[PDB]
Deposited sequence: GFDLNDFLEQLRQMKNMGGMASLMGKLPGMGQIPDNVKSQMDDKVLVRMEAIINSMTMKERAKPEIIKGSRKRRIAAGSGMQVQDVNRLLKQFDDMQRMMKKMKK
């Protein structure tokens, strides 16, 4: 069950992306990391400000996560 914890560990095998991507996840709660679909507008705003990013950066991380979760489902 590929989640943001798994993704975060993949980001830990950029700081031009990797450190910033890790930071966004580091502003999340464990429920958010476990079930990223619950992250809607208000949680995105909290995560963005808490990581010094914009909401569009959070959107981009979530999209990258989503693409990886789709690919892991299919490779498996």
**Q.** Ranges of the deposited sequence (numbered from 1) for which no C-alpha atom is modelled
**A.** 14-41, 105
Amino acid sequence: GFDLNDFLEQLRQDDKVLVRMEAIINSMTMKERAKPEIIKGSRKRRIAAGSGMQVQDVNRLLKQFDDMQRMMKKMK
From here on, numbers count along this sequence of modelled residues.
Q.
Tell me which stretch, 15-23 or 57-65, has the higher mean Cα B-factor listed in the entry.
A. 15-23
